[PDB]
Amino acid sequence: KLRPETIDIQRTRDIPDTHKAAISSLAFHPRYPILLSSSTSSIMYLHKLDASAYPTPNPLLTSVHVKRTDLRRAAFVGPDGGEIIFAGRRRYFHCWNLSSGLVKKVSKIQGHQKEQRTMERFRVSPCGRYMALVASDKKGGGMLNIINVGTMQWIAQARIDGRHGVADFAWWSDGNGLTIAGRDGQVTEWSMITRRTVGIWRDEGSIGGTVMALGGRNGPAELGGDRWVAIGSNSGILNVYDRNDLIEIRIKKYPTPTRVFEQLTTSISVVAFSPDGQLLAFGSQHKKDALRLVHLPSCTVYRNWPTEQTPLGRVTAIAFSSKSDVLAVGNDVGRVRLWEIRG
Amino acid sequence: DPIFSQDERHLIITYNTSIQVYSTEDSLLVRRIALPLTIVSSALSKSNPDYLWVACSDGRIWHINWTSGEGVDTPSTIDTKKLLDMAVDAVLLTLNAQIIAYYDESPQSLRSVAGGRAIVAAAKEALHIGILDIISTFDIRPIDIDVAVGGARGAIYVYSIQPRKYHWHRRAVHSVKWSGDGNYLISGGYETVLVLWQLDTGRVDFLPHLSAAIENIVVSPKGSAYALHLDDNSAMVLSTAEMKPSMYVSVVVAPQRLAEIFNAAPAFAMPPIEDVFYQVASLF
Amino acid sequence: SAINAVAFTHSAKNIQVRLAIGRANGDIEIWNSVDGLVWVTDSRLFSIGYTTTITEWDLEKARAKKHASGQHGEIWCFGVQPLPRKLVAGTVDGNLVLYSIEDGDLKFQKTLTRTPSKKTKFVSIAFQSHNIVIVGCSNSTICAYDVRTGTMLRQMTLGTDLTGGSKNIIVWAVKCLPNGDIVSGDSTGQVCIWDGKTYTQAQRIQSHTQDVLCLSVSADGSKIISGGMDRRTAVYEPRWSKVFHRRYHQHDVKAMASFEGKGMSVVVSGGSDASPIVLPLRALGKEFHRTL
Amino acid sequence: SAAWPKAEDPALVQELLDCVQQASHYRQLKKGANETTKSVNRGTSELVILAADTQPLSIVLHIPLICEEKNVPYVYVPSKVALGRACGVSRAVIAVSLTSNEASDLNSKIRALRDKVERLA
RNA sequence: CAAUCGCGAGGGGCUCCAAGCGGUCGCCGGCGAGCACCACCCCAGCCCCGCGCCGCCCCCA
């Protein structure tokens, strides 16, 4: 419960560990106050979030060096959060338990190794059942190979058409299908049950389209039940759409954003919702304090945070907590900072 | 014929002399359990326990368990011919040339279809479905049924009237099983290659090089690890997508719009404040 | 010597149905260098060789009646519309050219639209409905159009050529369904059924090793018969799957044609072994036959 | 309607707006209807795009006349917002004109682009 | 790098020498980088294919 125009954020003490590369991915645990930090310097860190800790607040649980990979993305798996799947640019990806301590190397996606020469651009569904990989072959299109993580086996494929393929995609919050931001302005509301596209619709004026997030409650249950979608472009404009206004299954081919966000001038590189569906933090990594924060459903940018003097750095990754009360920002030099949010 | 446990961490292998259980997590054999020959099958008990069911080549029904050595004393010989085939359900049924349950050609094998029961009998080219190419092996999945038959050649016919040819093997097939959620058809062969039939978008991807040994494969109780029986007297619990053996067994409103409510018609000649209030509250 | 086009007169009494073949000399032969031929019913056949002329053929005269031509370049495909008539003929230069079949005359009517890239050579067409067209391309794209307005519906772009060498997926054959979907038989061996309401793909069945040059559907939308640059044809049944594949043929298979009438539901294939070869539709029924 | 050189959304619009953006980065770009009109009347213009998403399209219908007089190719894209952030303006650009110089790879891209526009008209 | 093996310009009568250059097995050899040798576009070039001019040779004249 927080009002639209002025936020009660505050600086919690930062993470002690510093990385030798930029922070490529952050992820909070979905059950516990645990931060997973992961950089291009081959190292992941787990930190427990206790601000009254001693000797060093926000202490370190463990520090995993993964050999020879540069960690592009690490992610918790499931609502329980018992696995961490992580991947660099290399042709394999690991999964790791949190209940048994098993590192497994998935090195073969099942007859699609020609189709995949990375594993870096993956997502895992909110129900934890499935996990989509961007297949790294374009020639005028882009496909998502869907993995069953209970077996780690390919079961489905999610090709859309564009120039340079998929920009960025998001699982439906029910888990029953996808929504895929391509690189021409086409956004595909894909369905997993029918394994077919529900409908293709265009962003408002996107040249390229760079990133994409999704989330909220009380949305279209035939489109996964998640309410808001934000799509960011090469021009730094973030368009925010209510997904209840894609239905007229007949998807509106030219819908209107609920709000055009035009504050940032350079290419939107991060976008995230708070998992209660009340905040949208988006930003760029080509200017210094290029991080903005948006109240939803009202679609207003908060004007008091950040300031001139908020230490952010060139923001490479952000992450909201499981209770939507701690924000994490990791930058181009390798330092996580944390902010509690009150409401 | 090898079989897992209900809690996945125990593998179960019959030899030509005894029954040996194994740790899927850590080590080799746990129990040498006595089982003389003075072997047809061994499955688990279905409804309440997980004891065992072993049938020898003639009628001697061993009802024997792990977590003990109990059951080394009680066979049963209710049937008169040498036992050929054997299947349990929940309720036991045994193929002798015909069934006894609780026909033209030579029998091969017999398998049982789950709780709303059905029976699948197997002669050479005949196959008997019961509601209530020359065969080598076959598996099945329910939910309303699908039957994958192998063959003495490398053709794997699939049935849900018309089969489907899934021919890969340059000899007999020795193993055909449905994978997990039914997406893949994991098959084996004489030529050491464990083929993963895609059965979706019709591709094939496999585990080629191995100890010249593939016959009698089995699938985990979950979608996880397949255990392989292996003709060099070896079993091999392989976790999935590793293909590495785990076990080897050998109200926001901008102020300027309210300023725009109060810009024109300065104090006098303004609309009355019922109307101006309707402008303001209509802005809010 | 080789087959390049097969077509049946009808596909549904003593009603004169005939079979029209195109032999790679330039010949045409009818059973009870040319490149394509169709019939029209409301019944006369139209053919193209590699040149831009699209010509009718009078049968009782056995002479090339009523040639047609145009400006653009080499016709590589053409086809006639269904009913709720014209011809649509796609070429090398990216034009698709409408010809008029007003009551008896074959006219160069109109060029509706054309791709911006000149390097998009069309290969085949099929008609998803009455007034809207599906065309394969020499790039990975297959593309829909409307001839009410000429407009350019959704590019249905295939991938890259993964298996080695080239980049472009050259889509050799495109056919349609009574369900409303369309099969695209591309290069690199694969087939893929694309959905019809949203014009996206729904299934990518990899069967062949080399490029499927021709395919044809049943008249009830039940059996799909592919035929490739291998020696190989393959059948497909219900979203789909294949059943089997037997090398009926000896060279690549170049042209299919199906018929489902008179108690004789056969599909005839021809390629470059100079031997036309006829199949049933009931492929578990009995054997096949061949004719030369 | 009056948009008879309508550019097709299958990537011809995308190559138009991309060349708009690259000419915007080479400063070869006259933005808006009035400055477009000045570039066509002065004859500096090498190609000109309009927007068919104009709410009254009469306010950009005047430049196809003088583009027919100066013999420069014009073509319509269906979104003035896509043209607007294709330019990089933060407002809606309704009609854009893009010139050339003696030697640039951009001038080569203009040449191939109005070759495609000539394939339309 | 270490063991090992091969060919052979060039010169001399199947043999002889040699400039050189590669392969295999071990490297508790070291260095460098990992989508991307890709996507979008443009300018050329190798090759293969089309069509018409010349350069030459012809035969009558």
# chains A, B, ... in the order shown; residues from 1 in each chain; ligands from 1
>>> residues_around(residues="stretch 137-143 of chain C", least_positions_apart="5", cutoff="6 Å", atoms="only C-alpha atoms (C1' of nucleotides)", output="list in words")
residues 120, 121, 122, 123, 155, 156, 157, 158, 168, 169, 170 and 171 of chain C
>>> interface_residues(of="chain D", to="chain C", cutoff="7 Å", atoms="only C-alpha atoms", output="list in words")
residues 8, 10, 12, 116 and 119 of chain D
>>> residues_around(residues="stretch 71-76 of chain B", least_positions_apart="2", cutoff="12 Å", atoms="only C-alpha atoms (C1' of nucleotides)", output="number ranges by chain")
B: 18-19, 32-38, 51-56, 58-69, 78-80, 83
>>> closest_atom_pairs(of="chain B", to="chain C", cutoff="7 Å", atoms="only C-alpha atoms", output="CSV")
residue,atom,partner,partner_atom,distance
B:164,CA,C:243,CA,4.5
B:165,CA,C:244,CA,5.4
B:201,CA,C:205,CA,4.6
B:202,CA,C:206,CA,5.1
B:203,CA,C:206,CA,6.1
>>> select_by_dssp(residues="chain D", states="strand (DSSP E)", output="mmCIF file with C-alpha atoms, in the first residue's frame")
data_model
loop_
_atom_site.group_PDB
_atom_site.id
_atom_site.type_symbol
_atom_site.label_atom_id
_atom_site.label_comp_id
_atom_site.auth_asym_id
_atom_site.auth_seq_id
_atom_site.Cartn_x
_atom_site.Cartn_y
_atom_site.Cartn_z
ATOM 1 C CA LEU D 29 17.419 14.922 -41.998
ATOM 2 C CA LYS D 30 14.826 17.678 -42.304
ATOM 3 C CA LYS D 31 12.024 16.911 -39.861
ATOM 4 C CA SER D 45 15.684 16.435 -50.861
ATOM 5 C CA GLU D 46 16.776 12.964 -51.928
ATOM 6 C CA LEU D 47 13.811 11.026 -50.512
ATOM 7 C CA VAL D 48 10.715 11.883 -48.485
ATOM 8 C CA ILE D 49 8.519 9.815 -46.148
ATOM 9 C CA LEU D 50 5.153 10.918 -44.810
ATOM 10 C CA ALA D 51 2.891 9.500 -42.119
ATOM 11 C CA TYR D 74 7.752 9.958 -51.515
ATOM 12 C CA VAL D 75 6.236 7.106 -49.520
ATOM 13 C CA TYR D 76 3.949 6.873 -46.483
ATOM 14 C CA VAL D 77 4.619 4.931 -43.285
ATOM 15 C CA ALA D 95 6.565 13.975 -42.583
ATOM 16 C CA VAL D 96 10.301 13.725 -42.954
ATOM 17 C CA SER D 97 12.698 14.485 -45.776
ATOM 18 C CA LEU D 98 16.220 13.180 -46.068
ATOM 19 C CA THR D 99 18.887 14.671 -48.299
#
>>> closest_residue(among="A:97, A:186, A:10, A:63", to="chain C", atoms="only C-alpha atoms")
A:186
>>> interface_residues(of="chain E", to="chain D", cutoff="9 Å", atoms="only C-alpha atoms (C1' of nucleotides)", output="list in words")
residues 40, 41, 42 and 43 of chain E
>>> write_last_selection(atoms="N, CA and C atoms (P, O5', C5', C4', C3', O3' and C1' of nucleotides)", output="PDB file, in the first residue's frame")
ATOM      1  P     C E  40      19.581 -11.049 -42.156  1.00  0.00           P
ATOM      2  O5'   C E  40      19.503  -9.466 -42.245  1.00  0.00           O
ATOM      3  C5'   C E  40      18.446  -8.779 -41.597  1.00  0.00           C
ATOM      4  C4'   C E  40      18.606  -7.293 -41.714  1.00  0.00           C
ATOM      5  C3'   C E  40      19.267  -6.807 -42.986  1.00  0.00           C
ATOM      6  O3'   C E  40      18.427  -6.825 -44.124  1.00  0.00           O
ATOM      7  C1'   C E  40      20.241  -5.711 -41.156  1.00  0.00           C
ATOM      8  P     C E  41      19.030  -7.289 -45.539  1.00  0.00           P
ATOM      9  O5'   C E  41      19.760  -5.986 -46.073  1.00  0.00           O
ATOM     10  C5'   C E  41      19.072  -4.749 -46.121  1.00  0.00           C
ATOM     11  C4'   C E  41      20.036  -3.598 -46.203  1.00  0.00           C
ATOM     12  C3'   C E  41      20.973  -3.614 -47.393  1.00  0.00           C
ATOM     13  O3'   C E  41      20.356  -3.135 -48.574  1.00  0.00           O
ATOM     14  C1'   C E  41      22.175  -3.074 -45.426  1.00  0.00           C
ATOM     15  P     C E  42      20.869  -3.620 -50.014  1.00  0.00           P
ATOM     16  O5'   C E  42      22.233  -2.828 -50.229  1.00  0.00           O
ATOM     17  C5'   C E  42      22.231  -1.422 -50.396  1.00  0.00           C
ATOM     18  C4'   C E  42      23.625  -0.851 -50.376  1.00  0.00           C
ATOM     19  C3'   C E  42      24.598  -1.394 -51.405  1.00  0.00           C
ATOM     20  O3'   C E  42      24.417  -0.853 -52.701  1.00  0.00           O
ATOM     21  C1'   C E  42      25.666  -1.239 -49.306  1.00  0.00           C
ATOM     22  P     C E  43      24.921  -1.666 -53.994  1.00  0.00           P
ATOM     23  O5'   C E  43      26.506  -1.494 -53.985  1.00  0.00           O
ATOM     24  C5'   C E  43      27.105  -0.219 -54.160  1.00  0.00           C
ATOM     25  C4'   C E  43      28.583  -0.255 -53.862  1.00  0.00           C
ATOM     26  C3'   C E  43      29.409  -1.164 -54.751  1.00  0.00           C
ATOM     27  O3'   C E  43      29.714  -0.570 -55.998  1.00  0.00           O
ATOM     28  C1'   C E  43      30.042  -1.465 -52.485  1.00  0.00           C
TER      29        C E  43
END
>>> select_by_dssp(residues="chain D", states="helix (DSSP H, G or I)", output="PyMOL selection string")
chain D and resi 12-25+33-41+57-59+63-70+80-87+105-120
>>> interface_residues(of="chain E", to="chain A", cutoff="8 Å", atoms="only C-alpha atoms (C1' of nucleotides)", output="ChimeraX atom specification")
/E:34-35,38-40
